[PDB]
């Protein structure tokens, strides 16, 4: 098995960069704040739902949109005891308020019938609704993007869109229904793994982790795009035993490649590394939001992990920043443990690449999963702001231990300072639960 070097023209999360993280993450500038349990309330208008991954309605540039005098937050919600109830709800608050009680609930985006009424064959097998993005179009529409999950068909994941038709009521917002409800993309095998490859390899029993979800909408130069979590296909850098010999996945030096590769090949994470081919992918959309072009991934994570979630990208102060959430338990880097959860981050002069790691390693946030902690935040997401050097970091917060009258809720947002290729958690920047702008 001969060593080689092949980048496929895309950026890579290398083992050398990741191996720096266990020592770097000890610094407070990279650590998600800790929120005392006494400061936290349920989203009252959720009426007892557990509210998880959320994303705001954004203008094309990523900033928060103003719809009819309201901010809009879509969120996955349901109950921890029944995953197939997991569904997208549309919350909203009138611009200018930050209190958590100001968040109103317009209910589920979709009726159970909507997937059946839609001229779409993949929507028929949907069993859960997973995360995505939403944009306030020039026509004044609410254009939603999310993940079609099919528990029936081997966990297929499909990038899906729909326009959410909404009325205003002087008092409130109300969902009238959806249209242009359709599938967009589900992998092509050669650039992005698809469920067929997953099935052909032995579905779940292979240990592989097939992802294709969390589309994030972004425009640039009158082009519409979706950046999303995925896995590499056969013609980028695909998974397999051979992938551990591509030097591009290691970085640094050929000296380092030999040292790391041999140790990896004897590590008990060897197999996990061979199957690890996570990717932040990209496709161009036509003006009707249908597939126009499958573009090469913005970055891949071969041998490092199979799962880089919640792709996020936006232009800010002249540079493009790219973020993804990732679990330490699913990584194969020595020093990175199951107690650690991350937001990684990269920067580029153009939306389409090439991307270099922020803070020299890609580390932006590390959230600790110790037990003696009562609360935990998850699914961190950077929300760009109109002016300034700070982005708002939203997340959802859960509590250690069960309470019949406490659910997953909006975490207190905080600020992340972004300057050039360096980021820093702003100390004393705690906002209200779910606050989007500062």
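Residue numbers count along the first chain shown, from 1.
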- Message: I need to verify one thing: averaged over C-alpha atoms only, is the B-factor higher for 167-175 or for 288-296?
- Response: 167-175
- Message: Per the record, averaged over C-alpha atoms, which has the higher B-factor: 253-261 or 335-343?
- Response: 253-261
- Entry record, C-alpha B-factors for 384, 56, 371, 33; the maximum is at 371
- One of 132, 78, 318, 151 has the largest Cα B-factor in the entry, namely 151
- Lowest, middle or highest third: where is residue 224 by Cα B-factor in its chain? highest
- Name the third of the chain's ranked CA B-factors that contains residue 427, choosing lowest, middle or highest. highest
- Note on the structure: Sorting the chain's modelled residues by C-alpha B-factor and splitting them into thirds places residue 102 in the middle
- Message: Please say which third, lowest, middle or highest, residue 314 falls into when its CA temperature factor is compared across its chain.
- Response: lowest
- Query: Thinking about Cα B factors across the chain, which third does residue 116 belong to?
  - Reply: highest
